[PDB]
Amino acid sequence: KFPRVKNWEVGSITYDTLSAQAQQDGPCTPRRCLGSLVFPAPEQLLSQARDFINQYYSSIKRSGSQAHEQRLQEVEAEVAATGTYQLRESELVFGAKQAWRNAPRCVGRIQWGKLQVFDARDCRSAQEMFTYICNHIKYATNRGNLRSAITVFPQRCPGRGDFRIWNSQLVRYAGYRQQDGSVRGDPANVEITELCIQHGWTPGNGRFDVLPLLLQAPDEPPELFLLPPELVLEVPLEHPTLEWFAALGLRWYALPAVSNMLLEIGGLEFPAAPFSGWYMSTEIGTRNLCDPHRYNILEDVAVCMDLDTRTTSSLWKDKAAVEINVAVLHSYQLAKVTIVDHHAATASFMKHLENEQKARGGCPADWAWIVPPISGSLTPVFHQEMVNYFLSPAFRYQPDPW
Amino acid sequence: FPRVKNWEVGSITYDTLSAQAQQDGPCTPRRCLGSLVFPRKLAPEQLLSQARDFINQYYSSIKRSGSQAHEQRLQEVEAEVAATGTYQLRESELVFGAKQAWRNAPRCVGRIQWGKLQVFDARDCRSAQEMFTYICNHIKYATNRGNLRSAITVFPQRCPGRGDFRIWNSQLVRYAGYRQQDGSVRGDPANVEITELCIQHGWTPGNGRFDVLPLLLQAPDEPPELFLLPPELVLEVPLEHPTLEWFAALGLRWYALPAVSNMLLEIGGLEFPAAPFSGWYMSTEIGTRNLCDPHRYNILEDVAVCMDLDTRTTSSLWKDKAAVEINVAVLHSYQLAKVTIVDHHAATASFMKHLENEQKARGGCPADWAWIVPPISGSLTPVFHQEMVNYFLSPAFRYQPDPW
Ligand code: HEM
Ligand code: HEM
Ligand SMILES: Cc1cc(N)nc(CCc2cc(F)cc(CC[C@H]3CCCN3)c2)c1
Ligand SMILES: Cc1cc(N)nc(CCc2cc(F)cc(CC[C@H]3CCCN3)c2)c1
Ligand SMILES: Cc1cc(N)nc(CCc2cc(F)cc(CC[C@H]3CCCN3)c2)c1
Ligand SMILES: Cc1cc(N)nc(CCc2cc(F)cc(CC[C@H]3CCCN3)c2)c1
Ligand SMILES: [Cl-]
Ligand SMILES: [Cl-]
Ligand SMILES: [Gd]
Ligand SMILES: [Gd]
Ligand SMILES: [Zn+2]
Ligand SMILES: [Zn+2]
Ligand SMILES: [Zn+2]
């Protein structure tokens, strides 16, 4: 009773034996599927640890060995003495890559083995935290030739508060409410904008103002840090044939760096471990610029394209959306900033599924997030059945610290 | 009671209808199988319990529970089963059940129309030639010279032992799929299997790329016979593009009527292996799936060449550009031919309205996100940012085996 999985474009059939090792539970039952939902002491800690150590010593082709049982013994002992334990640096690097490998909504996982892991577990203050983060952005950005990286700040521990980054990403544009009641800038960031302001930030008045970082050291209020402007690489948006497009004044930033998730490794939790890769072009063109509740530029673009916005059957929305994505891809290519289109991304993810089926006998994947938000059935992932389940190590959502 | 959020507007509801479900779906707390096309794979004490439930919701809907003529229908059904083991549906229950099965179909985006359904009762049928005449009435009525009307024809229910009425084609109108020299196909690769059962039962093959296949109708026990569809009864649309002069030269056509003829209508514990239903097309069905799927007519590159697109790099979005124009041509061609069609923007906006209606009426609506979101421009439609709950209600259209 392993789930049969078929690709309907090709006829391929595989069975997902890895789903049976699903170490935690999701929102569905045989009664009802909730898959489309966005948001779905020593004893428990010890069994998560053993399982991880077992994964680690499996990875280095040394399972059941002297060093393996030694480490198992050491951890049980350390959990007894201290209520927790510390990862070796090599185990941390393995745990970070596994968390990415296990991330079911990530279409970029072909890259999972090429992750740069910065060990900031010795961080002591928000000021030091800032320095680490500035170094992360600099290395990952690499002048436009982007590299995947994660920085791990100290784990959660009894008796002390968490390191937390309040910003959902290291680079975000501000969202300012208006007299029209409207939002100027990115409506997704209204809340964090208001927090920065009341923590002493002097707001701008533009549409693409980079937000400061609110960094929280254990048992301190958050501290405001401005990003040096020369650290935040940005791409002005132009279209290769639509010359008035450059006159919209649109821009986006190079580095997508998610900073508000919790990294979990062997029962240990790291509430602050921001990670970054590079953008797939629909994230910018379709979601960030075209969503009605984001920058919502679609109608303004279609009107300038001289399209008939009076009826839906002319597909003015689809035509304007495609050209916005073309503009994104062309602009990042022009600027020499890494970018991947959804055709290339989904093709590599299909190679990733093949690799994972041989390696682990399956691959956790969230169809609704893996299939891009435009041209879905034109990509190979559309016709591929997928099994969604939760493996550890893992990135998890966590509540906002405020 | 699942919380259900719309991330575009921020509105919240609670799906209370989900609790009243349950033919068991495929998901478990440890793994979601929501993307699987077939939920896994395919002494009558429980016939009564399914009939009582159905009868109860028929009288619920007509303001008529607790007094009444519903207690009397309750007893005639159990006397009927106590006597013959099965039972016959009143004609209005049959109408009510057919509409409820459509209303309950999680994968159907067109359900705002679920109240306008023409139900032809064909249970007194007994010959495959009769069937062909029923099917021919339906098609004629449903087509209505291009002003399509939703319709289902309900054939005799499966009964203890005996045999099955069964249409063998997957739809009433299907184009031919001829394998070949290369192991390649001319026509529709989706219909290769049935194109060969047609010829192995006596059909003379045809031209190629757009040959309406003949019907394979199976009366109980008796083996299936072939029937030719009159070209007068099969309305078709030549595809042309409003501004791309050469598009008509590609010789593309599609048919007017989508009529699913292989699913099993189940009402109150009764099974109807032959109950073809029909509506009208959403344009992405034709242009995106049927014409552009790599395993269907696979025309994307041909159109891209004619548009002189940069097919040498994926980042030109030449697939995306070509695909939109094929959809523009589908819509324009149906409109010019005055054949009812609906685009995915209009269709999903109507579905959002359906969701609002269903929340007031029944406290929710089973919906399959992966099938409700259109196959192109998903996030541009209002259903993309709408969370949905999938579950099985009865009456339903179910998948069923294939008599091969
Ligand atoms: C290197 C290139 C990468 C690409 C192209 C990529 C792509 C994506 C995309 C497209 C999504 C969400 C679907 C969407 O927004 O349309 C996503 C989600 C995600 N990615 Fe990747 N990613 C990359 C690197 C990484 C790295 C380095 C990590 C962690 C080490 C990671 C972990 C995740 C996680 C956890 C999610 C889900 C986030 C959430 O649910 O909020 N990704 N990725
Ligand atoms: C009248 C206009 C109708 C429209 C526009 C429509 C549209 C659709 C679409 C678009 C799908 C599949 C999703 C996709 O391919 O993207 C679908 C599936 C379905 N529809 Fe509707 N439909 C209509 C009428 C009907 C009627 C009259 C019935 C039944 C009486 C029905 C029952 C179903 C069922 C059972 C499915 C699922 C089929 C399967 O699982 O293979 N629909 N419909
Ligand atoms: C490292 C990385 C690279 C990349 N190229 N892309 C991403 C995904 C960015 C992203 C995409 C989304 F679609 C939504 C979010 C925020 C998700 C919040 C909302 C609900 C739960 N978490 C972030 C991450
Ligand atoms: C993962 C996935 C998601 C989605 N949203 N859609 C699909 C394809 C649905 C589909 C459409 C068709 F048009 C035909 C088939 C298979 C029919 C074959 C199998 C047996 C007999 N005929 C499947 C797959
Ligand atoms: C009445 C009606 C109107 C309309 N406008 N559209 C449809 C949908 C036709 C359709 C769409 C699909 F996407 C797949 C199928 C058949 C595939 C089989 C294999 C597995 C499940 N069904 C049929 C039906
Ligand atoms: C049903 C559905 C399917 C899908 N495939 N995608 C979505 C949108 C998911 C999404 C993307 C974003 F980019 C941002 C959010 C909300 C983030 C809010 C919550 C808390 C803080 N910000 C949600 C919805
Ligand atoms: Cl983003
Ligand atoms: Cl079809
Ligand atoms: Gd131009
Ligand atoms: Gd060319
Ligand atoms: Zn599920
Ligand atoms: Zn969106
Ligand atoms: Zn398809």
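Both counts, for ligands and for their atoms, begin at 1 and track the order of listing. Lettering of chains follows the sequences in order, A, B, ..., and the numbering in each one begins at 1. Excluded from the calculations below are hydrogen atoms, water molecules and symmetry mates; all remaining heavy atoms, backbone and side chain alike, are included.
Centroid-to-centroid, the aromatic rings of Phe275(A) and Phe395(A) come within less than 6.0 Å. The aromatic ring centroids of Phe382(A) and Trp367(A) lie less than 6.0 Å from each other. Ring centroid separation for the pair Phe118(A) and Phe153(A) does not come in under the 6.0 Å cut-off. Less than 6.0 angstrom separates the ring centroid of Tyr175(B) from the ring centroid of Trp254(B).
Near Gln384(A), meaning under 4.0 Å from one of its heavy atoms, ligand 4 places the atoms 1 (C). Interface atoms of ligand 3 facing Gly277(A), defined by a heavy-atom separation under 4.0 Å, are 1 (C). Within the listing of ligand 3, atoms 4 (C), 5 (N) sit less than 4.0 angstrom from a heavy atom of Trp278(A). Near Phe275(A), meaning under 4.0 Å from any of its heavy atoms, are these atoms of ligand 3: 1 (C). Close contacts between ligand 3 and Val258(A) involve ligand atoms 24 (C) [criterion: under 4.0 Å to a heavy atom]. Close approach of ligand 3 to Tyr279(A) is summarised as follows: ligand atoms under 4.0 Å from at least one heavy atom of the residue are 5 (N). Counting atoms of ligand 4 from 1 in the listed order, those under 4.0 Å from a heavy atom of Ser35(B) are 1 (C).
A salt bridge links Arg396(A) with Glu269(A): the closest approach of a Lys/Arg side-chain nitrogen to an acidic carboxylate oxygen falls below 4.0 angstrom. Electrostatic pairing of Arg3(B) and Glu387(B) does not count as a salt bridge here, judged by no charged N lying under 4.0 Å from a carboxylate O. Ion pair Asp24(B)/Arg31(A) not flagged as a salt bridge, since none of the NZ, NE, NH1 or NH2 atoms sits closer than 4.0 Å to an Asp/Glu carboxylate oxygen.
In this structure, the protein non-hydrogen atom closest to atom 7 (C) of ligand 4 is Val37(B) CG2, 4.0 Å. Nearest protein heavy-atom contact of atom 3 (C) of ligand 3 is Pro256(A) CG, 3.6 Å. The protein atom (non-hydrogen) at minimum distance from atom 18 (C) of ligand 3 is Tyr397(A) CE2, 4.5 Å. The protein heavy atom nearest to atom 5 (N) of ligand 4 is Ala370(B) O, 3.3 Å. With respect to atom 19 (C) of ligand 4, the closest heavy atom belonging to the protein is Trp8(A) CZ3, 3.3 Å.
The side chain of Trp369(A), and not its backbone, has at least one atom closer than 4.0 Å to an atom of ligand 3 (non-hydrogen atoms only; side chain from C-beta on). Only the side chain of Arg296(B) comes within 4.0 Å of ligand 4, judged by heavy-atom distances.
Near the Zn ion (ligand 11), less than 2.8 Å away, sit the protein N, O or S atoms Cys28(A) SG, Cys33(A) SG, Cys27(B) SG, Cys32(B) SG.
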>> For a side chain to side chain contact (heavy atoms under 4.5 Å, CB included) check, start with the C-alpha distance between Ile372(B) and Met388(B), then their side-chain angles and the critical distance, and finish with the verdict.
In response: CA-CA 10 Å; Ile372(B) 289 297; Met388(B) 301 173 194; 3.7 Å; yes
>> Evaluate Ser379(B) against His385(B) for side chain to side chain donor-acceptor pair (under 3.5 Å), listing each step before the verdict.
In response: CA-CA 7 Å; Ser379(B) 74; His385(B) 299 89; 5.5 Å; no
> Given the rule in the side chain to side chain donor-acceptor pair (under 3.5 Å) test, do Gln384(A) and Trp8(A) qualify, once you have shown the distances and angles that lead to the verdict?
Replying inline: CA-CA 6 Å; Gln384(A) 173 68 64; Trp8(A) 293 93; over 6 Å; no
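A donor-acceptor contact closer than 3.5 angstrom is absent between the side chains of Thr282(A) and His342(A). Inspection of the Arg32(A) and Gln22(B) side chains reveals no N or O donor paired with an N or O acceptor under 3.5 Å. Residues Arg174(B) and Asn169(B) have side chains that never bring a donor and an acceptor to within less than 3.5 angstrom of each other. A donor atom on one side chain and an acceptor atom on the other are not found under 3.5 Å apart for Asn260(A) and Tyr397(A).
Atom 21 (C) of ligand 4 is not flagged as protein-proximal [any protein heavy atom, distance under 4.0 Å]. Using a 4.0 Å threshold on non-hydrogen atoms, atom 24 (C) of ligand 3 counts as touching the protein. Protein non-hydrogen atoms do reach within 4.0 Å of atom 13 (F) of ligand 4. The protein reaches atom 1 (C) of ligand 4 closely, with a heavy atom under 4.0 angstrom from it.
With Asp341(A) as the fixed residue, the side chain to side chain contact (heavy atoms under 4.5 Å, CB included) test singles out one of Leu329(A), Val328(A), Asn325(A): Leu329(A).
For ligand 3, the polar-atom distance check finds no N/O of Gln169(A) at less than 3.5 Å from any of the ligand's N/O atoms. Considering backbone and side-chain atoms alike, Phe382(A) places every N or O at 3.5 Å or more from each N or O of ligand 4.
Within the set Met261(A), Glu283(A), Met280(A), the minimum heavy-atom distance to atom 9 (C) of ligand 3 is found for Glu283(A).
Taking a 4.0 Å cut-off on heavy atoms, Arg287(A) registers as neighbouring ligand 3.
In this structure, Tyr253(A) and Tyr279(A) have tilted ring planes: the angle between them lies in the 30° to 60° band.
Residues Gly376(A) and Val371(A) come closest through the heavy atom pair CA-CG1, 3.7 Å.
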